[PDB]
Amino acid sequence: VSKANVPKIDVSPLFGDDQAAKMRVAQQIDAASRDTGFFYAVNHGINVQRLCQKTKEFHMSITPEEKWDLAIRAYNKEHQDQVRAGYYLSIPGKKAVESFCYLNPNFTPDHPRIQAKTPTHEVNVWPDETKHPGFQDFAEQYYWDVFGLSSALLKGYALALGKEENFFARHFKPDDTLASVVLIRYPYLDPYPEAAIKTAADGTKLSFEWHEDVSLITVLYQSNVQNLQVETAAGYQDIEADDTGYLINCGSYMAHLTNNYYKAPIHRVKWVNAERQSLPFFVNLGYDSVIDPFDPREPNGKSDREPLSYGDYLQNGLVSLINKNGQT
Ligand SMILES: CC(C)[C@@H](NC(=O)[C@H](CS)NC(=O)CCC[C@H](N)C(=O)O)C(=O)O
Ligand SMILES: CC(O)(O)C(F)(F)F
Ligand SMILES: [Fe+3]
């Protein structure tokens, strides 16, 4: 298997005021987005070792009782308001992965979209503070840390596309972003049940099949265990692990807005019998956010795509991904 070209890009100028240095970062984002569609953001300022420490403490502390009490409606019919946020249980013998998803901490009971019961907005559920001391506070702060990195990355993508640096970020706001964090646990199992292993057409053993992301961009931390592959013209290629950087790729909303100039790369998760963490942040805009599609390969920049509101995109995309690749 070929090693995929996944450059390491120092994104630290995107936090500062050196506009020429920011354009040199934007060029690197442009190049990576036009090639394999993946890069590692380095010098990103986030303490990922502590993220891993706190997530591990959670995954290793949580009990079967708590998992039912936090479970999304796919696992617990009592929790009809929990579509996105909460616990996604494993099924021993059948489904190995388990995870905990949370949304914008500003989606509180008094938030206008929660009052309205607008789809894709939910109030987060949390375990009991006494059983998981500090976890909720850590997780909410992590949301804002990775929100900050993502805002910076979005300035880079905007400049890369010939736009002003606020072009995406003006739609990515603390009060209404639909962005989510998922704390995924992939277990070591001995024996590992075959029913929890999928097989690709090319014979590769998988934990999660080929897909494009439902996101504007995806901002991912993972353990130092190689598992991801990206489809290129030369076939599926291995993405090297780097548990110091964030792996960045575009989702299909970016592909829509740019008329596939920045494609949403097809990728999949190899089966690995290893205890590891996968911690994506899906960079989603607000429910009513709508960016007019354009084409940076066309002189007048015009596109034959129709505008699509982010809330429409997200609600439909998350259902479709479950139907295609299964309930996580
Ligand atoms: C590839 C990783 C990001 C990870 N896969 C994933 O997280 C997969 C594919 S991107 N993502 C999903 O299923 C969408 C979860 C959306 C989330 N519940 C939300 O409501 O916002 C894995 O390690 O399996
Ligand atoms: C969580 C971690 O394994 O990355 C370390 F090194 F911080 F302990
Ligand atoms: Fe993905």
# chains A, B, ... in the order shown; residues from 1 in each chain; ligands from 1
$ residues_around --residues "residue 289 (chain A)" --least-positions-apart "4" --cutoff "9 Å" --atoms "only C-alpha atoms" --output "PyMOL selection string"
chain A and resi 171-172+285+308-311
$ residues_around --residues "region 258-274 of chain A" --least-positions-apart "5" --cutoff "9 Å" --atoms "only C-alpha atoms" --output "ChimeraX atom specification"
/A:30,33-34,36-38,161,186-190,192,197-198,204-213,217,225-232,236,249-253,293-297,303-305
$ residues_around --residues "region 107-124 of chain A" --least-positions-apart "4" --cutoff "10 Å" --atoms "only C-alpha atoms" --output "list in words"
residues 70, 81, 82, 83, 84, 85, 86, 101, 102, 103, 136, 174, 175, 176, 177, 178, 287, 311, 312, 314, 315 and 318 of chain A
$ write_last_selection --atoms "N, CA, C and O atoms" --output "PDB file, in the first residue's frame"
ATOM      1  N   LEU A  70     -26.980   7.690  29.497  1.00  0.00           N
ATOM      2  CA  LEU A  70     -26.569   8.756  28.587  1.00  0.00           C
ATOM      3  C   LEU A  70     -26.858   8.454  27.121  1.00  0.00           C
ATOM      4  O   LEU A  70     -26.522   9.264  26.261  1.00  0.00           O
ATOM      5  N   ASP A  81     -35.181  12.971  22.588  1.00  0.00           N
ATOM      6  CA  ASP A  81     -34.529  14.226  22.216  1.00  0.00           C
ATOM      7  C   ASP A  81     -33.057  14.054  21.863  1.00  0.00           C
ATOM      8  O   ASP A  81     -32.445  14.994  21.336  1.00  0.00           O
ATOM      9  N   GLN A  82     -32.476  12.892  22.144  1.00  0.00           N
ATOM     10  CA  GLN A  82     -31.055  12.640  21.918  1.00  0.00           C
ATOM     11  C   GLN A  82     -30.876  11.923  20.589  1.00  0.00           C
ATOM     12  O   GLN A  82     -30.853  10.691  20.512  1.00  0.00           O
ATOM     13  N   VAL A  83     -30.739  12.695  19.525  1.00  0.00           N
ATOM     14  CA  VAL A  83     -30.426  12.124  18.232  1.00  0.00           C
ATOM     15  C   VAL A  83     -28.928  12.080  18.022  1.00  0.00           C
ATOM     16  O   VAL A  83     -28.370  11.034  17.669  1.00  0.00           O
ATOM     17  N   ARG A  84     -28.276  13.212  18.288  1.00  0.00           N
ATOM     18  CA  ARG A  84     -26.845  13.405  18.068  1.00  0.00           C
ATOM     19  C   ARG A  84     -26.014  13.257  19.336  1.00  0.00           C
ATOM     20  O   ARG A  84     -24.983  12.576  19.316  1.00  0.00           O
ATOM     21  N   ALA A  85     -26.417  13.915  20.422  1.00  0.00           N
ATOM     22  CA  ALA A  85     -25.593  14.035  21.618  1.00  0.00           C
ATOM     23  C   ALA A  85     -25.876  12.913  22.604  1.00  0.00           C
ATOM     24  O   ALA A  85     -27.037  12.646  22.945  1.00  0.00           O
ATOM     25  N   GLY A  86     -24.808  12.293  23.096  1.00  0.00           N
ATOM     26  CA  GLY A  86     -24.845  11.301  24.138  1.00  0.00           C
ATOM     27  C   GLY A  86     -23.978  10.114  23.797  1.00  0.00           C
ATOM     28  O   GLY A  86     -23.057  10.202  22.974  1.00  0.00           O
ATOM     29  N   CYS A 101     -20.716  11.747  22.044  1.00  0.00           N
ATOM     30  CA  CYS A 101     -20.791  12.931  21.203  1.00  0.00           C
ATOM     31  C   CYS A 101     -21.388  14.074  21.996  1.00  0.00           C
ATOM     32  O   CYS A 101     -22.391  13.899  22.701  1.00  0.00           O
ATOM     33  N   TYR A 102     -20.810  15.257  21.849  1.00  0.00           N
ATOM     34  CA  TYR A 102     -21.423  16.450  22.392  1.00  0.00           C
ATOM     35  C   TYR A 102     -21.333  17.588  21.389  1.00  0.00           C
ATOM     36  O   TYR A 102     -20.512  17.592  20.461  1.00  0.00           O
ATOM     37  N   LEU A 103     -22.257  18.542  21.567  1.00  0.00           N
ATOM     38  CA  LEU A 103     -22.454  19.679  20.695  1.00  0.00           C
ATOM     39  C   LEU A 103     -22.041  20.964  21.399  1.00  0.00           C
ATOM     40  O   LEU A 103     -21.471  20.958  22.489  1.00  0.00           O
ATOM     41  N   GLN A 136     -16.800  17.162  32.463  1.00  0.00           N
ATOM     42  CA  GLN A 136     -17.632  18.089  31.706  1.00  0.00           C
ATOM     43  C   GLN A 136     -16.895  19.393  31.466  1.00  0.00           C
ATOM     44  O   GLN A 136     -16.929  19.950  30.352  1.00  0.00           O
ATOM     45  N   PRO A 174     -19.726  31.142  18.047  1.00  0.00           N
ATOM     46  CA  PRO A 174     -19.991  30.401  19.282  1.00  0.00           C
ATOM     47  C   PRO A 174     -21.462  30.269  19.609  1.00  0.00           C
ATOM     48  O   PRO A 174     -21.865  29.266  20.197  1.00  0.00           O
ATOM     49  N   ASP A 175     -22.287  31.255  19.271  1.00  0.00           N
ATOM     50  CA  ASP A 175     -23.670  31.164  19.710  1.00  0.00           C
ATOM     51  C   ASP A 175     -24.471  30.137  18.931  1.00  0.00           C
ATOM     52  O   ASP A 175     -25.518  29.687  19.422  1.00  0.00           O
ATOM     53  N   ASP A 176     -24.052  29.766  17.711  1.00  0.00           N
ATOM     54  CA  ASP A 176     -24.936  28.900  16.945  1.00  0.00           C
ATOM     55  C   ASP A 176     -24.267  27.799  16.140  1.00  0.00           C
ATOM     56  O   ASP A 176     -24.976  27.052  15.475  1.00  0.00           O
ATOM     57  N   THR A 177     -22.953  27.589  16.245  1.00  0.00           N
ATOM     58  CA  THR A 177     -22.352  26.532  15.436  1.00  0.00           C
ATOM     59  C   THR A 177     -22.923  25.158  15.788  1.00  0.00           C
ATOM     60  O   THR A 177     -23.118  24.815  16.960  1.00  0.00           O
ATOM     61  N   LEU A 178     -23.183  24.366  14.747  1.00  0.00           N
ATOM     62  CA  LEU A 178     -23.630  22.992  14.852  1.00  0.00           C
ATOM     63  C   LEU A 178     -22.466  22.008  14.928  1.00  0.00           C
ATOM     64  O   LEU A 178     -22.686  20.791  14.868  1.00  0.00           O
ATOM     65  N   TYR A 287     -27.375  26.827  11.504  1.00  0.00           N
ATOM     66  CA  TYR A 287     -28.491  26.162  10.832  1.00  0.00           C
ATOM     67  C   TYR A 287     -28.925  26.912   9.579  1.00  0.00           C
ATOM     68  O   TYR A 287     -29.260  26.286   8.569  1.00  0.00           O
ATOM     69  N   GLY A 311     -28.061  23.806   7.715  1.00  0.00           N
ATOM     70  CA  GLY A 311     -28.951  22.925   8.463  1.00  0.00           C
ATOM     71  C   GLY A 311     -29.587  21.863   7.600  1.00  0.00           C
ATOM     72  O   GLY A 311     -29.722  20.705   8.012  1.00  0.00           O
ATOM     73  N   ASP A 312     -30.011  22.228   6.384  1.00  0.00           N
ATOM     74  CA  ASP A 312     -30.534  21.231   5.459  1.00  0.00           C
ATOM     75  C   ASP A 312     -29.459  20.201   5.134  1.00  0.00           C
ATOM     76  O   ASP A 312     -29.697  18.990   5.193  1.00  0.00           O
ATOM     77  N   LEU A 314     -26.819  19.323   6.835  1.00  0.00           N
ATOM     78  CA  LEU A 314     -26.411  18.506   7.974  1.00  0.00           C
ATOM     79  C   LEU A 314     -27.480  17.485   8.337  1.00  0.00           C
ATOM     80  O   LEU A 314     -27.188  16.292   8.487  1.00  0.00           O
ATOM     81  N   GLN A 315     -28.723  17.920   8.494  1.00  0.00           N
ATOM     82  CA  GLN A 315     -29.751  16.962   8.873  1.00  0.00           C
ATOM     83  C   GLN A 315     -29.800  15.809   7.870  1.00  0.00           C
ATOM     84  O   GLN A 315     -29.763  14.633   8.261  1.00  0.00           O
ATOM     85  N   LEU A 318     -26.384  13.481   7.929  1.00  0.00           N
ATOM     86  CA  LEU A 318     -26.117  12.575   9.039  1.00  0.00           C
ATOM     87  C   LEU A 318     -26.996  11.335   8.948  1.00  0.00           C
ATOM     88  O   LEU A 318     -26.539  10.221   9.232  1.00  0.00           O
TER      89      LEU A 318
END
$ closest_atom_pairs --of "chain A" --to "ligand 2" --cutoff "10 Å" --atoms "only C-alpha atoms and all ligand atoms" --output "CSV"
residue,atom,partner,partner_atom_place_in_ligand_line,distance
A:47,CA,ligand 2,7 (F),8.9
A:48,CA,ligand 2,4 (O),6.8
A:49,CA,ligand 2,7 (F),3.5
A:50,CA,ligand 2,7 (F),5.6
A:51,CA,ligand 2,1 (C),6.8
A:52,CA,ligand 2,1 (C),3.8
A:53,CA,ligand 2,1 (C),4.1
A:54,CA,ligand 2,1 (C),7.7
A:55,CA,ligand 2,1 (C),8.1
A:56,CA,ligand 2,1 (C),7.2
A:57,CA,ligand 2,1 (C),9.5
A:222,CA,ligand 2,4 (O),9.4
A:223,CA,ligand 2,4 (O),7.2
A:224,CA,ligand 2,4 (O),8.5
A:243,CA,ligand 2,4 (O),7.3
A:244,CA,ligand 2,4 (O),8.4
A:276,CA,ligand 2,3 (O),9.5
A:277,CA,ligand 2,1 (C),9.4
$ residues_around --residues "region 15-17 of chain A" --least-positions-apart "3" --cutoff "12 Å" --atoms "only C-alpha atoms" --output "list in words"
residues 10, 11, 12, 20, 21, 22, 23, 25, 43, 44, 45, 148, 149, 150, 151, 152, 153, 154, 155, 156 and 165 of chain A
$ atom_distance --atom1 "CA of residue 245 (chain A)" --atom2 "CA of residue 281 (chain A)"
13.5 Å
$ select_by_dssp --residues "region 58-198 of chain A" --states "strand (DSSP E or B)" --output "ChimeraX atom specification"
/A:71,86-88,91,95,98-102,180-186,198
$ write_last_selection --atoms "C-alpha atoms" --output "PDB file, in the first residue's frame"
ATOM      1  CA  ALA A  71     -27.516   6.802  25.452  1.00  0.00           C
ATOM      2  CA  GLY A  86     -24.845  11.301  24.138  1.00  0.00           C
ATOM      3  CA  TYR A  87     -23.458   7.805  24.316  1.00  0.00           C
ATOM      4  CA  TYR A  88     -23.232   5.416  21.360  1.00  0.00           C
ATOM      5  CA  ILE A  91     -22.509  -4.324  20.962  1.00  0.00           C
ATOM      6  CA  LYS A  95     -19.962  -3.793  17.079  1.00  0.00           C
ATOM      7  CA  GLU A  98     -18.316   3.061  21.187  1.00  0.00           C
ATOM      8  CA  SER A  99     -18.347   6.820  21.550  1.00  0.00           C
ATOM      9  CA  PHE A 100     -19.652   9.941  23.277  1.00  0.00           C
ATOM     10  CA  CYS A 101     -20.791  12.931  21.203  1.00  0.00           C
ATOM     11  CA  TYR A 102     -21.423  16.450  22.392  1.00  0.00           C
ATOM     12  CA  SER A 180     -19.677  18.435  17.257  1.00  0.00           C
ATOM     13  CA  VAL A 181     -16.963  16.613  19.184  1.00  0.00           C
ATOM     14  CA  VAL A 182     -16.945  12.811  19.214  1.00  0.00           C
ATOM     15  CA  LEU A 183     -14.852  10.899  21.752  1.00  0.00           C
ATOM     16  CA  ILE A 184     -14.448   7.532  20.025  1.00  0.00           C
ATOM     17  CA  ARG A 185     -13.056   4.432  21.717  1.00  0.00           C
ATOM     18  CA  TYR A 186     -11.773   1.648  19.488  1.00  0.00           C
ATOM     19  CA  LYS A 198     -16.060  -5.337   7.639  1.00  0.00           C
TER      20      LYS A 198
END
$ atom_distance --atom1 "CA of residue 317 (chain A)" --atom2 "CA of residue 291 (chain A)"
17.2 Å
